[PDB]
Every structure is written in C-alpha cells, then in structure tokens.
Chemist: 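One structure coming up, written as structure tokens, with questions to follow.
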Protein chains: 2
Amino acid sequence: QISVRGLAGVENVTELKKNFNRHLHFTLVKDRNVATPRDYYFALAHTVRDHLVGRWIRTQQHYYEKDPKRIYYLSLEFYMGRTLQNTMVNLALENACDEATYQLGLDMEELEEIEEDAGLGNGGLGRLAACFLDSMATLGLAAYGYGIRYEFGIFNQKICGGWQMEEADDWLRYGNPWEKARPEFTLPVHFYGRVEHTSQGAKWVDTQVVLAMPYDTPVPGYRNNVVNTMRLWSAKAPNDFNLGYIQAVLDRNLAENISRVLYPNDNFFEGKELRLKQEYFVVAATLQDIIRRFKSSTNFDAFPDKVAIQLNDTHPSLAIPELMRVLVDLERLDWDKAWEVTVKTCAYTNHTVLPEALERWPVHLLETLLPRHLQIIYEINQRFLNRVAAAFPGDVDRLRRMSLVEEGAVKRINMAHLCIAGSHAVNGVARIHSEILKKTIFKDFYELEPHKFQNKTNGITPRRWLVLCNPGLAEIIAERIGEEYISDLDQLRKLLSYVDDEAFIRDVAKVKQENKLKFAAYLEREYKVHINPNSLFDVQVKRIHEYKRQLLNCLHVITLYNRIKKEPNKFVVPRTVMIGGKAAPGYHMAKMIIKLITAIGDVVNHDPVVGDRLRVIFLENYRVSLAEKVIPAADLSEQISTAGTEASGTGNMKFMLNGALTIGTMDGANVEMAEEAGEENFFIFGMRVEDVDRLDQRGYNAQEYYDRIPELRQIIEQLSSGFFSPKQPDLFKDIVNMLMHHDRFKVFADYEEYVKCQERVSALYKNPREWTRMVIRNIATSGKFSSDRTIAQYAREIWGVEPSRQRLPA
Amino acid sequence: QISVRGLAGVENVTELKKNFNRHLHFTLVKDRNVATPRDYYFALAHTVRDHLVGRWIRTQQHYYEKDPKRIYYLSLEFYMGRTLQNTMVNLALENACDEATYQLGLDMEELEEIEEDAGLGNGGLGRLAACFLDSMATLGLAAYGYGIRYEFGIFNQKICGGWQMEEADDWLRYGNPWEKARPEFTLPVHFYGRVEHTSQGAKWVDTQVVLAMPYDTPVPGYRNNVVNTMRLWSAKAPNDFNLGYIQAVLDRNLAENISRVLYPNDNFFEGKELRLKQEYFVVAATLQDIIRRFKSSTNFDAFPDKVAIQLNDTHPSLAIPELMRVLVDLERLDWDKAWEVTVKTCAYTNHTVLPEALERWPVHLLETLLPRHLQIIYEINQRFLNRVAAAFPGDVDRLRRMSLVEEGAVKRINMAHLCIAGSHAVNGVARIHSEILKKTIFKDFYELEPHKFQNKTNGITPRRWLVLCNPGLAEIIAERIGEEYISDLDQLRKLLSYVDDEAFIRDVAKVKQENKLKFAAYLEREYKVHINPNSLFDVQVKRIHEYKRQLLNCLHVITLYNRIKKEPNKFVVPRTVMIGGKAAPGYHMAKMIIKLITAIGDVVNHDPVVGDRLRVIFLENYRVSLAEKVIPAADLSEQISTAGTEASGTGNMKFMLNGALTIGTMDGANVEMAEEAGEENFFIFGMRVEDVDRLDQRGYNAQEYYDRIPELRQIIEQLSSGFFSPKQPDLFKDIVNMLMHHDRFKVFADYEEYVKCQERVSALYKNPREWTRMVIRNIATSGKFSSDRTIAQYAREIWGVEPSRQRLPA
Ligand SMILES: O=C(O)C(=O)N[C@@H]1O[C@H](CO)[C@@H](O)[C@H](O)[C@H]1O
Ligand SMILES: O=C(O)C(=O)N[C@@H]1O[C@H](CO)[C@@H](O)[C@H](O)[C@H]1O
Ligand SMILES: *Cc1c(COP(=O)(O)O)cnc(C)c1O
Ligand SMILES: *Cc1c(COP(=O)(O)O)cnc(C)c1O
C-alpha cells in the first residue's frame, strides 16, 4: 500500500502464502475450518520467523570467522514489546505479508494485535536496552543482549473502582515462537557454600547449584541482513536436587523461582534476597558463556581486546567480582593482572541519582549467599582506598565517603562505588545528568579519575518508534526526502526546508488527525469510552512516580475544571487529558495518585456544564504496545519531572519524533531536545536545577504557595473536603498531607509557571497552521535522539569498535 | 534391509532427506557443522511427525462427520516409552527413514537411543493403557486416552553401593516433539469450597480454581491411516490467582503442583491429598471435555449411546459422582435419570486383589476437598444399600460389608464399591483373577448383580512387542506366513507346521543368539559389565515387590552358587541371572531386596571357582525402552508370583512372544498361557490358589521348611551370619526375620518345587534343538495375548462398538 513497507513481489507473496498454509497445517495442526485468529497469528509468526533463521545462522557464522570484538550488554531488563511487525519492518516484508494475508482473506493488523508483549522490563531502563539491541544490530556490531527469561514480566494492570489491581503477566501461556531453547548450553550457577583457603588459592565449596538454561531470540538489524542474539537465562534445578521423594521433586520450585518473576520497581531499590539471586544468576551464567566463547576463538591479556561488558546500571555489578573470581580462583591469574583485565573489560552506565534507587546490599546477605564475592569486594575496596589515600593524603572523610563499604546500622556494599572502581568508563544518560554525577553523587570519584566519566545521551530506535508505529508520518517524510533517514535520522533536518511548504504542512496535520481518529476509535473498541477527536490530546504516559509529578498534571486539570465552572460560557480550547502508567505494587503514594486521577475523571467527565470541552482519561495497562498507539496520536507531551530528577527520559524523544509538542522542565534530555529544536519551539517552564538547590538551601515551605495562590488553595480545599470523593471525604488526606508537609519534589513551586505555560500551549493550538509549523521544526531536529547515534558513541568512545552500515549477503 | 520394515522408495527417501534438512535448518536452527546427535534426532522426529498430521486431522474430521460412539479410556498412567520407532513402524516408514538417514551419513539406531522414554506410568497398569491405545487405533475405534501430563514421570533409578537411588525424570527437558499444546481448550477445575442448598438444587461455591490445559499426542494405528488422540492435562494457575505481589506469583506453584509428578507406587495405595487432587483433576477436566464434545455432535438419554467411559482401576472413580454432579446440579436432570445414564456410561476394570492396593479415602479428606461429591457418594450409598436390603432382607452384615462407607477408626470411602455400584460392567484382567473377584473380594456384589461381572484377559501390542523390538524374529516369521499376523496375531498358529522344519528351527535359534549377542554388547557399552552370550539368559524384570517374589529367585541363585562351591568340577548349564525393576521410594523391604541382589552378585561374580558358569546382574533403571532390549534376548522368563496375587501380568506375554520359555506359578495369565501352549511346553511349579488357601487355613509356618530342607537352612544361615555382607553382618536381618516370621507370600513353601523345576529347565537347555522346538510351540500359540483381541472383546462386550480393520484414505 505505502512505500516504506517494501515491495509486494509476485513470487514472494506466493511463497509467503504457501508457507503460511504449510505452518497452519504441519506446525499448528489445524485447517481453515477450525483455525482461530490466534492460530493465524502463529502461522504468520512462524512464516516470518523462517526468513530470519538463514540470516541468523550466517551472521553468527560470520562473527566466528572474522572474530571481531564482542559487545555484551548485561541487563536484568529487556522491554521488547511485540516482535512480529518489528521483524517484518527490519526484513522489508511488511507489504508482502500484508498482501499475502489479504489474499488469504485475513487482516494482518488484526493478527498483530494477538501477539503478547514481551514485557521483561519496568520502563525506561528496560526499553533502552531494547532500543539499543535494535541499533547495535543495525550498526553491524557483534553484540549480545544477556538477561533473564522471566516466566512473568511486568504485571498487567486492571483498574477496579478506580484502583490499580495487579494480575500475573503469563506471557508464555500460548508459547513464544520467537525464542529458541538451547538446553545444550546449560551452565551451573553456585550459591551459598563457604570459602576454603588451601595451599594454592581459595576455593568456594559446599555450594547449592542451580542450572542456567539459555533461550535465544533473534535481533534483526534494519535491512542489513544482520541478526544478533538476545540470550535470556532460565533457572532449572539439577536432577539430583534434594535427592520424602514427592516433596523433594516439588521443592525444585525453590531453585527455579529465580527466573519466575520480574521485580516491578521503577527507580526504587528493594533489597530482597530473591532479587540478589537473580542478579548473580544472570552474571554468573553470562560470564561463563563469555569466557567459553572467548576460549573458542589462555591469553587473557587480549581479553579486553575481544570483550566489552556493559553494565546496565548496577543490577549486574556482581560481574566485576565474579570476573575477578574466575580469573584469580579458576584461571590462576595474579590479582593485579586480573584487575587490569576486569577494568578494561567493564563499563558502567548510571540511570538515576535518586537515593532510594541506589543499590546498597546488606553485608550479611552477601556473606551468606556469595561468601567468596564478599571477600573479593573487601580486597577491591582495600586496594581502591589505598589509591585514594595516596592521592589525597590525610583526607579521612573522603576515604569513608568513597568506601565501597558503608558503615552504620547494618553494613552495606554500595554497588555504584563498586562499579566505578571496577570499570574503565562510567556514563550518565543525558548531558545534565552526567554533569550532576560529576558535581554531586560521584564528585569524589570524578576528582580521582576524571578520564572515566563520560556522557552518552539516550536515544530511541526510529524503526519501532516511527516506521512501525507511525507509517503515515514515515511515508509523507519519505515522499520528500527518501528512506535513508530511517537508519540515518539526522537527515530529518532536511525537513526544515518544508516548514513553509503548504502541502507538507497539510500532510503533517492530516497524519496526526488520522492517528487521533484511529486512537479515539480504539478507546471505544477495547475500553468503551467516548472522546472528542477535535480536542487537544494532552498525554502523560510513564511509570507512576512522585518525581515524574503526575500530581502537578492533576492540579492543572482541576484548575481547568474550576475555571470552566467559574465561567461556563467562556470559550476554552477543548482538551482530552490522558494519563497512564503502572505503579509499583508496594508504592502506596503512587497507587493513591492513580485513584486521584480516576476520581478527577469521575467528576469532570460527568459534569454537564463541562460538556466535551474537557475529558480526563486514565490509560489502563500502559505498555510498549499501547505506547505505539497513543504516542502517534498525541498533540502535547508532558515531561514535567522536577529539575534534576529524570536522568534522561526517553518517552520525551518518542513524542518529539511523532509530531507532538513538548511542555516540560529543563530536566534530563528535555534540555538537549529544546537545544536541538530551539527553545522558542518548546514549552519550557519551572525551576532549573539551580533554582531547586536554592530552594533547598532556604527550605521548601509549601504553605507559602498555598497562602499566595487562591486557585491552588481552592484545589487543596476541594481535595481535603471530599469534593472528589463524596462517600470517602478523607480519601486523599495522605496526598494533601504530603503536598503540604513533605513534598520532596516541590509540586507547588512549579504550579504557577506550569499553568501559565499551559495557557500558551492552548493559545498556539488555536492556530492550526502555526502549531503544525512548530511540530515540523521539532520532528526535523529530533535526529540526535536516534539510538543509532547513541550506540555509535558507545561503540567508538567506550567499546573501541567501529559501527558498520554494510549489508551482509542474504 | 528387511521386509516387514516397508519399502524404501526412490521418491519417498528423497523427500525424507529434504524435509530432514529443512527441519534441521528452520526448526532447530543449526547446520551440519554444529549439529549434535540430539539435533539429528529432533530433525528426524519432526520429519516423521509431519507424516502423522495429515492423517491425524482427517481421522478427527472423520469422527466428526460419522459421529460414532466415542470411547474414553481414563487412566492416571500411560506408560508410553519412546515414540519415534513406533510411529515409523505404524506408518511403514522404517526402511525409508533408515535409508534416508543412511544417505545423510547417519545411523538411525543411534538417533533412536537419544529419545527420552515417556515414563508416565509405574508398570503393568500404565503399560496396559499404552498397549490399549495402540490396539484401539489399529482397530479403528474412536478412542481417546485421557490422563495427566506429569512434568516428572517414574524416577530414574541409579544403583549406588548396591542401593537404589532415585533421581527426577525430567523427561521434558529438551522438549517433546510429539505433543501439541491446546491452550485454547483449557478448562477450569474446582476444589474445596462448600455446598449451598437453594430453592432449586444445590450449589458448590467458594471454590479454589485450577486450570486444566490439554496437550494432545497422536496415537497411530498400524498401517490403517487412523490416528487417535491421547489428551493429557497440565495444571495451570489462573492469573488472578492469589491476587506481597512477588509471593502471590511464586505461590502459583501450589496449584500447578497437581501435575508435577507421578506417584511411584505399584500395587500400593498411599492416601495423600495431592494424589486425590490429581485424581479429581483428571476426572473433572475430562468429563467437561466429553460433555462438550457430546453437545457439539440436551438429549442425555442418548449419552450412553455416544459415550463409553472406561475406568482404569479406581484411580478415576470420581468420574461417577462427578458425572452425577454435572447431570443433577448443572444440567438439572432428576437423580434416577442421571444415575441411569451414569451406570450405562461407566465400566470399571480391577487390576488387583491385594488389600494394601485398594483405594479407601478418608471421609475427612473428601469432606474438605470435594464436599459436593461426598454428599453425592452418601446418596449413592443410601440408594444402593436400599437395593441390597430389598434383595437380602435381614442380612445386616451384608449391608455393612457392601457399604461404600467403611466404619472404624476413621470413616473411609471404598472406591472399588463405588465403581461397582456405578458401572454397568466390572472386569478382571485374567480368567483366574476375574473368578477370584467373584468368589472373594466382590462376592456380595456378584450375588446382587451377576450380569455386571466379566473377564477381559490382558494382552500386549504385537507392534511394539515384536515388530519393533524384535525385527529379526518378525522377519523369519513373515518369511513363512506373511505379514498379516502383525494385526491378526492368531495367525501365528500356522507356525506349528514348522516345528519340525529344520530351517525354521535354525533361524529361530539364530535370531535369539543374535539378540543375546547384541544385548551382551549393550551391557558393556552403557554399563561396562562382561557376560557370557553362550549361557542361559534367566531374567526377571518387573517392579520390585514381595508378592512377585524376586526373593524366591534369589534363593535359587544362592542354591546354584552353593552347589557349585560344593562340587566345583561338576558340570552345570551356564546361566546369567538378570533381575531388574524399580522399588517404590518408601517401600523399605523392596529396597532391601535390591541390595540383596547386588550383594549376591558381588560374591558370585568374583568367585574364581564359579568362573563364567554363573553371573548375577541387576539391570539398572528398568523401563519400557530397556524392556524392548532385554526381553528379545531372554531364554527363561521368571513369572513366579505366589498363586492368587498377580492379577494377570503382561511381561509374561512379552517374553512368550519373543522366544523365551516360561518358569512360573499357576497365577494370573500364566494359567491361560500354559493352557494355550500346552502344559508340557511350560515350566509350571508350586502351589495353586487352592494350596495357598489350604496353607492359610492351617497356618503358614516357615520354620517347618527351614527345619526339613538343609539347602534352605544353609542359605538362611549365610544371610544371617553376614556371608553376603562382611562389613555389615546383620545387614539382611529384616529380610531373614520377614521370611521366617511374617512372609505373607510363602516364599519357602514353593522353594523345593521351584529348584526342582529349574533343574528341568537346565536339562532342556542342554538340548538346543528340543529347547527351540518348545520355543516355537510357545511363539505359535501366543496369539491370544495380543491386545487387539483384548480390545475387540472390550469393544463388543462392554462398549457396544464394532472394531474395524478398514484403511482410511491417506
Ligand atoms: O532506574 C530505573 O529504574 C529507571 O527506569 N531509570 C530510567 O532509565 C532511563 C534510561 O536511561 C532514563 O531515561 C530515565 O530518566 C530513568 O529514570
Ligand atoms: O495396580 C497396580 O499398581 C498394577 O500395576 N496392577 C497391575 O496391572 C496389570 C494390568 O492389568 C496386571 O497385569 C498386573 O498383574 C497388576 O499387578
Ligand atoms: C519509552 C517508555 C517508557 C519510558 O518513558 P519515560 O517517559 O522516559 O519515563 C516507559 N514505558 C514504556 C512502555 C515506554 O515505551
Ligand atoms: C510390561 C512391563 C511391565 C509389567 O511387567 P509384569 O511382569 O507383568 O509386572 C512393567 N514394566 C515395564 C517397563 C514393562 O514393559
């Protein structure tokens, strides 16, 4: 139908149909009379999958022959989403499959909606890993994503009585056609035990063993015939395990629980033993695999030349002492040599500065679970501090501040300090975040080793976040500048010469309108809920957290409602405010915020006087697949975290690439986005990081804002009196109390400027032509935010490898 | 190579090779450079599997169109063994696959050894179900095997220090290419809850729900293009289950444990709650499936005309009250009508008379787990006893003897009584067993309803137990009488006219010698253990149990050893005594018997004076696949259970069909086997059932035999003094104490006649020609023991359906 979806050749379409019927028959064991839409989805998935295998096998054979430096991206999260459409896009099979299924009397879009999201992530951090895998494959890097194959990913969110309810994400229920179990490469992982010091070296003995079974999933590059691998480990109990008989067999569950479920926390550290087991499990199995592959290429001096390990935050930080353990205890290398290798091999990426998110494991936990690693960590700390003492003689406080071991109630190991000490590179994920790291939390480390600190601003893949979710926009763009931008997003700047092009302006606006109509329809289809497609789509989708300030958005919504009620017959730009996102199960305040949003909707959406001028909808079960639907339909992107809290943000980039304007604070990547597009094409408001610090030095007193702002006072009084919760008048007391007495994120401080800024947004929306022209200026300068650019920087500046856009023979 | 393995056509072999390479590439994602023997096995399994699907789909479509009466065989055990070779045999693809793999440079036999046994059974009972499925498909019956898909089947047995060690049978580790998950047909199963009595009818509410997910495995008939289904249920927790968050997800294990492991008991009842859950789980899911299928064909009067449910022992006995529950509580039929339907639909097969094997569930268990079913059982009992009271007025003891409810310490429900009351047919599995049922344990029931009692002598499938495991024998037989006997075993009688044929005599003996050489080689390959192929192969393989009397065999072995030591230079027919079988993990005496056997081997196998004249080997991990190897190599079959204890036995039939002579008691099917072949061609010895009863009335005193038999006394003294356990002199005290003071199976009573009979066996073995002629007389009359004959009788006399040997168009 459209050009960027490839050719629908005669032979290819015929071949696809035959293979589709072949799988339906031989693979699913069904015939057209009893086949269901799900059967058809699988028939198509297997058919598309077949096209991947050939490239997958030769890509891997290729790396074996050429033996390039391997990149290992370790993460406990890979937020992949669906795989069918992404695979067709990267293999240029979309139109062909669309035609083939059409001729078979099937609607491919309907079939795509059947696939379960691979939700092995919580949010930004896990999605980043997914975008990175796509970019690494597209840039021809010999990269491997290593993680855990959770039986249950992020929970499915149900809203009941306005409250969030969690239910198990049994994503493997119907099977996963994309993965390939590789039981032949199963590896043992050790836990507990004790350390024995013999004549030559220490030995970790009397351990409990859990097997790590790998499952491989193909990661196709964009039209370059490269197919990399994402290897996820699954926990398996050994067969002699616990070997009454029946109970012993049933207790195998204990060991296999390690890969059972993803911890649902976003930017929050929960020091549970099970989580520590998952972290070591992925690290231990992965490192053995890495070393095995290295040996089949004794000379560990060249290890750093053939291996790069990227730690996605501190979750896989045990890779440092585990690598030391293997080199020292098993390979028998001297400490200093092993340490040299480890440092040159490992690199660490920090994704947050919030104190509650930093991993600080109790020593008693490591002591019992990983006795040898604790000893290695102490030795690392001893040697590191000796270096600090030599560089800053007499500075005893620096010593205690930089120690990997924190003293106090219970001794803990600061995993971030461990990562900096054992990595040759440490990076932040946005310019402002990386600067904050050097000026605050990692200042001491930066002064000791300035060369280690870098910045690698985040990005998103333009394949999934443009071509796949917004084909209409990708098409009108391709019509003017070709398709080269899909793997070279910087080319979007050429669109600047069309900012005054009446035809283009009209097409950009038309695509957005179509996306909104499609989404407005979807809302009634799967959720029965009416909305006005002509209104401004104001959306804030991301995990629910106090720092992201969904509450500030709520205050604005209530302000709009109160203004309408005050002057009913006054004209106001119609808005549909959409807020979505999951709250961690144990995060009470976050759950209360969700309830508040639905409560506001209950009042606003049924007030006759408001009419279709204002609607407040809470988007249930926000996930990757839902993001692909709502982002292309958005007009306004809410990125309003308190300055200095959102390390980077990536949703912000997705909105910018898809034609939405941004209202936000100078936080994370928002700063660079505004810099790229020009501040006059961005809706910036609120305190800058410096203003927040000034307020903290002086002391934040929310009461002051409450006393000086009548509209704000009115909102708080409405919340307190039960205006939004008639049957339960004090339902939101916790929220009001927090806002008034212990709001770490200064919601009130940015309220006035936020509301004012929102007024300017509505003013511009009233002028369709100028709004669209500003949109074009944003889309045109979003090129820097492609993860291809991010990965190219990691490749050259950290891993020491050159990216390549060379096609492999298919 | 040989004729009964089909044709190796040019086009077919070429097609097989291509498809083999296709699966290796697309399905396993490997190429000839990294493929392992296991990869090749799977490539072949998928290739053969492809040939099944077409027939599987049309067979099922066929039953839908013609709508014949459906046969549902409910069993908690299906001891299937391997599936690859069996599938090739039934599809006439063996030679073609042999050639195709040959041309690909692969040894098919080597690949077949890679497949894991589907050990979802303990022994005879589970294997019978497997043979039955094969026969039902071969006879064109619309039959379905329904059971549980245990994650872990019968444990793998390891022998350490002469002791049995158990290890989990993780048979699904590498995947199962034969099954097809059918998540779309998942059904809910209820547990616990309580009963509510409303205006119209009772309601079972507040129940805990477990989902039953079916996995279908194809069951091919022998060359008739019929492919039936074996549907096994897997337990799955609902997603709202238990819905801290993490713990709730982990606790899903509780519900899914239902299908985790097979209880490893043979002829022994263990009243554990988990076992009861498994029993109801299979019954509840199966009945819903049955009714669903029936409705898609309101008129339950015709239910018995379209449905037959066969209960494999009492394990699935809850089908009776469950069917009543559904008809009365859900369909709203009046009791009497529902009962009429239930009785005409259900039939029960008893497999044992041992008291410790009978299922007697504590009322408190049913009360808590299945409250509605207990009420239904009480009502059934009330009405049944009213019938008994009317037929035998004033006979109050009969009432208490026949009650489904047993009074005493704890009230229990006699499931066997429940089955007889709710079934229109009750059968034993061998003529003598069925007679014992009418004369003893079920005498009262037989007097009340004589018409219900029948006999259906067991059988074994000649496909797996002849053509598959002994192609050499199948070939020489086919050479003389054709291939028709494979699905009409009675034709083997034609071999009687070859009993004097010198050529045939020579071939029969040659095949046996080849099988022995092959097995003798296997023993050194996988177990490193030397044996003499020229010796008489004396084997007893079956589950270890006191009633099977492996101990009597041990006494004979020790007797042989003592006789040799007494007169070293006297000639004796060389023997290799092989004993194998698993012991239930909690069956202490059985485990002690295994230790005794290995202990005897330790002494006998290393005594220089004995030389290669006597060897005692314990066959480790006896399973279906091992049975296929050792049975064709056997000369003497040990079937020595105490008269009246082995209901039928089936291993006995396998040995007879494969050219081994039988030494045994007049127990189970041994009686009919001797009757068929002629007593002069069988080695019968010991007490008959009547002799056992006489001994019991008089009182069994083992001391008497010990005092009158010097050789026996010597053996007991050797055991007691530590002759077979130097380091642990009293190691076998429990065994001696049991034999001397509480031997329920009168081992000593049959010792003298057994040893005497064994002497006649050795005498005949010394005359190769006459031994073989007797073998021919056995093989020639083994036709009655084909499970095709057994199933044909079940079909006509119980299910009311006619078997058919008509091919379906392929
Ligand atoms: O640490 C977390 O839980 C987490 O999701 N951190 C997230 O990582 C993303 C990728 O770098 C950043 O863009 C987000 O600003 C940060 O909060
Ligand atoms: O009940 C058991 O555990 C069991 O295996 N019973 C077995 O069933 C077989 C099939 O009918 C019979 O041939 C055996 O004699 C009987 O012990
Ligand atoms: C991109 C994405 C995120 C991250 O969004 P931010 O607004 O940067 O926090 C979270 N969840 C999903 C499903 C995403 O697609
Ligand atoms: C046939 C068979 C049995 C039953 O043997 P019996 O001697 O009748 O008890 C038990 N186990 C296996 C593996 C079998 O093949």
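Letters A, B, ... are given to chains in the order of the sequence lines, protein chains preceding strands, and every chain is numbered from 1. One-based numbering, in listed order, for ligands and for the atoms of each. As a basis for the values below, the full set of heavy atoms in this structure was taken, side chains included, without hydrogen atoms, waters or symmetry mates.
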Chemist: Considering only heavy atoms, which of B/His351, B/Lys548, B/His433 lies nearest to atom 16 (C) of ligand 2?
Modeler: B/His351

Chemist: Which residue and non-hydrogen atom of the protein lie closest to atom 13 (O) of ligand 2, and at what distance in Å?
Modeler: B/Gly649 N, 2.7 Å

Chemist: Could you tell me how the ring of B/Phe745 sits relative to the ring of B/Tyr547: parallel (under 30°), tilted (30 to 60°) or perpendicular (over 60°)?
Modeler: tilted

Chemist: Any side-chain heavy atom of A/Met673 within less than 4.5 Å of one from A/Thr662?
Modeler: yes

Chemist: May I ask whether B/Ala357 has any heavy atom positioned less than 4.0 angstrom from an atom of ligand 2?
Modeler: no

Chemist: Which residue and atom name correspond to the protein heavy atom nearest atom 10 (C) of ligand 2, and how close is it?
Modeler: B/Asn458 OD1, 3.2 Å

Chemist: Could you measure the distance from the CZ atom of A/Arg543 to the CZ atom of A/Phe268? Nearest 0.5 Å is fine.
Modeler: 12.0 Å

Chemist: Indicate, as side chain, backbone, both or neither, the part of B/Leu128 found under 4.0 angstrom from ligand 2 when only non-hydrogen atoms are considered.
Modeler: side chain

Chemist: Return the OG to CZ distance between B/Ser641 and B/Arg549, rounded to the nearest 0.5 Å.
Modeler: 7.0 Å

Chemist: Under a 4.0 Å heavy-atom limit, does B/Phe269 contact ligand 2 with its side chain, its backbone, both, or neither?
Modeler: neither

Chemist: In plain terms, say whether B/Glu546 and B/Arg744 are close enough for a salt bridge, that is, a side-chain N and a carboxylate O under 4.0 Å apart.
Modeler: no

Chemist: Looking at ligand 2, would B/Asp313 count as a contact under a 4.0 Å heavy-atom criterion?
Modeler: no

Chemist: Is any side-chain N of the basic residue among B/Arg275 and B/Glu279 closer than 4.0 Å to the acidic one's carboxylate O?
Modeler: yes

Chemist: Would you mind telling me which of B/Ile791, B/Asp134, B/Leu468, B/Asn86 makes a side-chain contact (heavy atoms from CB on, under 4.5 Å) with B/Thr461?
Modeler: B/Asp134

Chemist: Can you label the angle between the B/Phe537 ring and the B/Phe519 ring as parallel, tilted or perpendicular, going by 30° and 60°?
Modeler: perpendicular

Chemist: Check whether any heavy atom of B/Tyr547 sits under 4.0 Å from an atom of ligand 2.
Modeler: yes

Chemist: Anything under 3.5 Å between an N or O on ligand 4 and a protein N or O? List each pair with its distance, or write none.
Modeler:
| from | atom 1 | to | atom 2 | distance (Å) |
| --- | --- | --- | --- | --- |
| ligand 4 | 7 (O) | B/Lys542 | NZ | 2.7 |
| ligand 4 | 8 (O) | B/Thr650 | N | 2.7 |
| ligand 4 | 8 (O) | B/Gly651 | N | 3.0 |
| ligand 4 | 9 (O) | B/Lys548 | NZ | 3.1 |
| ligand 4 | 15 (O) | B/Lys654 | NZ | 2.6 |

Chemist: Among all the protein's non-hydrogen atoms, which is closest to atom 3 (O) of ligand 2, and how far away is it?
Modeler: B/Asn267 N, 2.6 Å

Chemist: With a 4.5 Å heavy-atom cut-off, do B/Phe155 and B/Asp169 have their side chains touching?
Modeler: no

Chemist: Rounded to the nearest 0.5 Å, what separation is found between the CG atom of A/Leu636 and the CG atom of A/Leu661?
Modeler: 7.0 Å

Chemist: Report yes if some N/O of B/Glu646 lies less than 3.5 Å from some N/O of ligand 2; otherwise report no.
Modeler: yes

